[PDB]
């Protein structure tokens, strides 16, 4: 049998976008209220309050009404001005990518770059900051998804704070699926969104903003105002007694309301544990069957995405196509410089359940063996299952 390309697949195991929880999809179907209806104004405020609790924030997070590249570009546009000297940390596609926006807003850019299977070394950061007291803004990506690797953002953020610089963090593919919060890493801007670990639909940005960052952006004549790129316009929009700069994405807010309830009701630590367990089982299976996890070390592998290195000689695009056509299972490609180098399996929200690692392993192994590899698929399943069974 073969799954047609036009027909829906059986299981989507991708690393962004990902399927939303069934309850969230139902929440999307709530009646669309007028945004100035008192019931919507109250809902919006309570959604911001739930995001605040979720992010363990001392102040309100900002919801912006586009998907997280909006938050990222808006942060650069608003926080970085030509007087700033930016240190950009790049260990992957998003880290490197942020430097391009930084350079659009200040000519002064320094970078620490490591190959796209590695993590940024906090000692390298401490040294760079000591050598360059002129540094005023530092940007970092927590989970650089196209590599499935994690940077030590809490240590980095502490170093950056001691230096006296502002920190911009991309936690789009980490928040909700592992222990991380704006104040854990001393973030001045902390960008996340609904459609990775939180299992909500795509199209919103959730942003932690420090009081210090508010003052810098509001002072900056070059910060976007009356613009889709404006963070400053949205400062007070959380309040039931305040207007919306432009019409919010009402249905997405309904979905996010449900997703926040699910997260908080299940308990963040329980949610993080099942992300990590699913990823750990996946990695054990990949290694046991004869494949390699992309990450330079197991310690930096993401608990929300496993990136599997393509064996030299295998056509990675054809591999993913075979996994869908033969088994109905959809994996993520790489992106930019990781495209063709690896395959990604998301473990995010509804797919952060260990049984999906079992499905992923079987489809990935079967596809690989159809490409002429001779993987020990059975051994891989048994190794993944041993991890699940060992979990205390």
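Residue numbers count along the first chain shown, from 1.
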Greater mean Cα temperature factor according to the PDB record, 283-291 or 145-153: 283-291
Stretch exceeding the other in mean C-alpha B-factor - 28-36, 63-71: 28-36
Looking at the C-alpha B-factor values in the deposited entry, which of 228, 77, 168, 172 comes out highest? 228
Select one of 278, 297, 192, 302: the residue whose C-alpha shows the highest B-factor in the crystal structure entry. 297
Assert third(CA B-factor, residue 383) within chain per record equals highest
Considering only modelled residues of the same chain, in which third does the CA B-factor of residue 130 rank: lowest, middle or highest? highest
Among modelled residues of the same chain, the CA temperature factor third for residue 362: lowest
What third of its chain, lowest, middle or highest, does the C-alpha temperature factor of residue 337 fall into? highest
Going by the recorded CA B-factors, say which third of the chain residue 324 sits in, lowest, middle or highest. middle
